[PDB]
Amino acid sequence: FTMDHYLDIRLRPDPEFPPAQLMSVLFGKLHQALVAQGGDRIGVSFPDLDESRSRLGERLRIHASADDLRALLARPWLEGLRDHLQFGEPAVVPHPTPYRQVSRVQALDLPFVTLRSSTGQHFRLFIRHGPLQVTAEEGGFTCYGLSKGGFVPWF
């Protein structure tokens, strides 16, 4: 379990943008930072997830090794959003915790973020937090920080 570090990024409430819109922007920006860092050892989870309202919640948690996390934060990927966010301190995770897969699931009672890309076009990216396991099977993460096998601590 070499991914024992995390950081919480919290959305500040905003009069003109609902949470879901900011989160999508946060999440698109992280996507860009992941595509640049390279690798597959950075995951995310949405700790305030609400199953019932199908809402991702107001927090984005980023999971990484102590130094994967540092390389990531020393990038200017949050340039332009920071005013809309509050950040926790990079910390060691609590233990013990369950682990789960947070994956892209391509009627969907699922939360989603809206992104763009070469077309101008908007698309929804659907996200599912998986069943709690006692331990973590090995595996990596996509360029969205979503599971391609890997698991993240849930707390």
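One-based numbering along the sequence shown.
Enquirer: Gap size between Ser117 and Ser118, counting deposited residues with no coordinates: none, 1 to 3, 4 to 9, or 10 or more?
Expert: Per the deposited record, the segment joining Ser117 and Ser118 lacks coordinates for 1 to 3 residues.
Enquirer: Missing residues between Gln106 and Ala107 in the deposited sequence, please: none, 1 to 3, 4 to 9, or 10 or more.
Expert: Per the deposited record, the segment joining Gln106 and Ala107 lacks coordinates for 10 or more residues.
Enquirer: Out of 12 to 20 and 135 to 143, which one has CA B-factors that are higher on average in the deposited record?
Expert: On average, C-alpha B-factors are higher across 135 to 143.
Enquirer: Take the C-alpha B-factors listed in the entry for 123 to 131 and for 32 to 40, compute each mean, and give the stretch with the larger one.
Expert: Comparing 123 to 131 with 32 to 40, the higher mean C-alpha B-factor belongs to 32 to 40.
Enquirer: Among the candidates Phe151, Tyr6, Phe1, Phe155, give the one with the maximum CA B-factor reported in the record.
Expert: Of the candidates given, the C-alpha B-factor peaks at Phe1.
Enquirer: Highest Cα B-factor in the PDB entry belongs to which of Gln86, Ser52, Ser45, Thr97?
Expert: Answer, based on the entry's C-alpha B-factors: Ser52.
Enquirer: Please say which third, lowest, middle or highest, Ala64 falls into when its CA temperature factor is compared across its chain.
Expert: Middle third of the chain for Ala64's C-alpha B-factor.
Enquirer: Mind checking which third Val102 falls in for C-alpha B-factor across the chain?
Expert: Bottom third by C-alpha B-factor.
Enquirer: Classify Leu110 as lowest, middle or highest third according to the C-alpha B-factor given in the PDB entry, relative to its own chain.
Expert: Highest third - that is where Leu110 ends up once the chain's C-alpha B-factors are sorted.
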